[PDB]
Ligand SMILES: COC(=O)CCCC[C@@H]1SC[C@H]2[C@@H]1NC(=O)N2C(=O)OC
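Here you get one chain, nothing else, as structure tokens; it is the form deposited without this ligand.
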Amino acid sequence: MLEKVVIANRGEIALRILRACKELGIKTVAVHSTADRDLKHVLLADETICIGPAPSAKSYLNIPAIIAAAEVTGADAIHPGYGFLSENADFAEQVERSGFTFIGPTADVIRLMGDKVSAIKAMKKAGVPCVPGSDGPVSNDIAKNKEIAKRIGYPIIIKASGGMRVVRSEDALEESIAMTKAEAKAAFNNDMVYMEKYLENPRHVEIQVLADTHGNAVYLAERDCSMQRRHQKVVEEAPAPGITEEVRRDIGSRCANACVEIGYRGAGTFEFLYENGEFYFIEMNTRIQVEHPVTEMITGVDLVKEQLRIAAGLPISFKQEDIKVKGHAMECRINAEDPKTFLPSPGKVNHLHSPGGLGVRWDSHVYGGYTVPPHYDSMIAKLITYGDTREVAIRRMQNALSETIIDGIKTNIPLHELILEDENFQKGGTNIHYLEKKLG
């Protein structure tokens, strides 16, 4: 099985992985930048290796330096966490070919679900409901485009398969496609674009799944990620309000079927749009996500532990029927940023006071005297609460945040406090545009 794992990430996720590894007696190699010598997970690691200077491009995206670090320590596997190289098939390919286990799916399954039209193909095939759309790439024959666009009706949206554009009227279609195409070739190398029916007030609802090398696959309810700001999630909860065991079972089961159809491997998320009682699949994340803890709180599954087990060729430690959703969980992403302008706020944390008590979980690499660096994201902590009901999780989050002291830098804690007392948020079922409007 796995005796030594390279942690090819940083911050809170590298510590989350270290904690999992230590619990299983798996030896940890922490690959780190110059600027990340002082990370909690790095100081707690069994072996450490500087893989290059502060910029992520010459460190955490340094495919050769990480593989090299695996070769030298005689590592068995590599955990890419989230972001960086986690969705990079070329990296996954270079890992498997160099004789190590990539903790996550196989290269050909990453490429497949990385391309959104071919991903959408798979989900239609598995009986999984998708957005009314082009059902494939759209051609430059614009007569044929108007036809599909007028079938689904306006507004429509044009997305890249591997930077999207809302079209409100037929008058602005022809140009609006050729634009989106030309941006992609110059940017993402791939001129391929597809149409969907643009949903104006959807909720963002994600199903968590696990698939193993034994042919088992499970769904672990959903998360509502609707409370976001310009493509950055701010609060997450599980389960998603309004969604029943009946609907959870159905679309949950269909995501589990799909995992097997495509020979999916490890932890993964099916993202959905949710409007007017109906689910519409949009894309799939082939990795562990930031907001995994809220799912852990309501299922008592250790998603990173199962990632390690699955990667070692073990079956998932439990069966679909052993999972029951109990209570409700909230995660506030605590960022070192100005709570109104969202300008990063790096520098020394002088005093940290973590909250605690019943139903309060604190996932953070930050400690008193830790300097939040400029070179990466602004996330410093994930504050997660559990309650028997949505009300208690919210009230518990409120008390937890007013207990949280972070001196020396600004945080978005005042933002979280605003959201948690918002009457619409308390009511629940706020769509994906709510936070932007409220900040007006």
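Residues that one form lacks are left out of the comparison. Between two forms, the rigid core is defined as the largest C-alpha subset superposing within 1.5 Å. Sequential numbering from 1, following the sequence displayed.
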Is it true that at least a third of the other compared entries have no coordinates for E96? no
Determine if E183 is unmodelled in a third or more of the other PDB entries compared for this protein. yes
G162 to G163: deposited residues without atomic coordinates: 4 to 9
Would you mind comparing 201 to 209 and 114 to 122 for me and telling me which has the higher average C-alpha temperature factor in the entry? 114 to 122
Can you tell me whether 135 to 143 has a higher mean C-alpha B factor than 299 to 307 in this record, or the other way round? 135 to 143
Note to self: of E93, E237, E337, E87, the C-alpha temperature factor tops out at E93
Top residue by Cα temperature factor, when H328, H79, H292, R97 are compared in the entry: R97
Within this chain, which third does the Cα B-factor at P55 fall in: lowest, middle or highest? middle
For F188, return the chain-relative third of its C-alpha B-factor as stated in the PDB record: lowest, middle or highest. highest
Sorting the chain's CA B-factors, does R395 end up in the lowest, middle or highest third? middle
What third of its chain's C-alpha B-factors does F272 belong to: lowest, middle or highest? middle
How does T286 rank on Cα B-factor within its chain, lowest, middle or highest third? lowest
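The form solved in complex with this ligand is left out here; the points below concern that form.
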Between this ligand and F84, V290 and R333, in the entry with it bound, does every residue show a non-hydrogen atom at 4.5 Å or closer? yes
Answer range among 338 to 346, 143 to 151, 281 to 289, 100 to 108 for contact with this ligand, defined in the entry with it bound as heavy atoms within 4.5 Å: 281 to 289
May I ask you to choose, among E271, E261, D135, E183, the residue with a heavy atom within 4.5 Å of this ligand in the entry with it bound? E271
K233, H328, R309, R265: which sits within 4.5 Å of this ligand in the entry with it bound by any heavy atom? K233
Does this ligand come within 4.5 Å of any heavy atom of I17 in the entry with it bound? no
Is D377 close enough to touch this ligand in the entry with it bound, meaning at least one heavy atom pair within 4.5 Å? yes
Let me spell it out: fit the two forms on their rigid core, measure each listed C-alpha, and pick the one of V234, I323, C130, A178 that moves 2 Å or more between the shown form and the other one. Which is it? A178
After core alignment, residue runs (3 or more) whose Cα moves 2 Å or more between the shown form and the other one: 144 to 146, 170 to 183
